[PDB]
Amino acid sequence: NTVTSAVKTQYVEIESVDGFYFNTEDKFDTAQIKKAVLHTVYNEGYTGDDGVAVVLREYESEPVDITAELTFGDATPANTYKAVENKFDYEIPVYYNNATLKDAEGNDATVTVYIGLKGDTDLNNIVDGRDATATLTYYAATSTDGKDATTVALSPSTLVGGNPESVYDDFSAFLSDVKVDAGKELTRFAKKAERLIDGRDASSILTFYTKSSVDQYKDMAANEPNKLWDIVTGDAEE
């Protein structure tokens, strides 16, 4: 008696890719979200005189592409980063109209990001001379006849485990590439093989470590590493 339709449940299906970030960055990149489709399930029915609901029909409306509307809300690399041994990945919930969404299995829809310290080649949450040596060692190996990014692993981390194809080696290369000639036109999405990890990256990491180890720059390294990086790479002076 008196049939009506109503939304029963709503979920999103998202295609997304990994994103790499420095702990100092203030913004995740929505470019990680390739496609997002919103599904809305309806029930059509009525309530009987006895007050009992009767569902006559279950269906969905036309799914809606909401890809461009998704944000990461207030989450940022800087406010998400936590140094945990052998753990660098995070699931960042997406927002649509200022609210989270459920995926097809009823869980909050999230995108994977990795966040680390610039310079931390060996992925141990510390920037020191070991990172400089690892970076130099990779350059020396890949400058050897018969060897390249695809046959040589950069990071000594157990997360890479000598595997030149590990996503963590891409992440290590991202962290180690402290001297980037191309600047911002080489995006955070570059793979290890698409980067130049060389002796210049290695010496910059060493100088960051040495400067962090003296009274003048100790606090700068700890509190605003970005200003120290600029100094050691020449992108700023003094």
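Residue numbers here begin at 1 and follow the sequence given.
Exercise for review: Look up the CA B-factors in the entry and say which stretch, 172-180 or 40-48, has the higher mean.
Suggested key: Between 172-180 and 40-48, it is 40-48 that shows the higher mean C-alpha B-factor.
Review point. With respect to the recorded C-alpha B factors, which stretch has the higher mean value, 225-233 or 211-219?
Key: Going by the record's values, the stretch with the higher mean is 225-233.
Check your understanding: Of the choices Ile205, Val55, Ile33, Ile197, which one's C-alpha carries the largest B-factor in the record?
Key -> Within the set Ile205, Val55, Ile33, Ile197, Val55 shows the top C-alpha B-factor.
Check your understanding: Can you tell me which of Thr151, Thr110, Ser155, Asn124 has the highest Cα temperature factor in the record?
Key -> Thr151 has the highest C-alpha B-factor of those listed.
Exercise for review: Just say lowest, middle or highest third for the CA B-factor of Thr142 relative to the other modelled residues in its chain.
Suggested key: Middle third of the chain for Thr142's C-alpha B-factor.
Review point. Compared with the other modelled residues in the chain, in which third is the CA B-factor of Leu136?
Key: Lowest third of the chain for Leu136's C-alpha B-factor.
Practice item. Using the B-factor values recorded in the entry, state whether the Cα atom of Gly129 falls in the lowest, middle or highest third among the modelled residues of its chain. Key: Bottom third by C-alpha B-factor.
Check your understanding: Among the chain's modelled residues, which third holds the C-alpha B-factor of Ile66?
Key -> Within its chain, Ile66 is a middle-third residue by C-alpha B-factor, going by the deposited values.
Review point. Among the chain's modelled residues, which third holds the C-alpha B-factor of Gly161?
Key: Its C-alpha B-factor belongs to the highest third of this chain's values.
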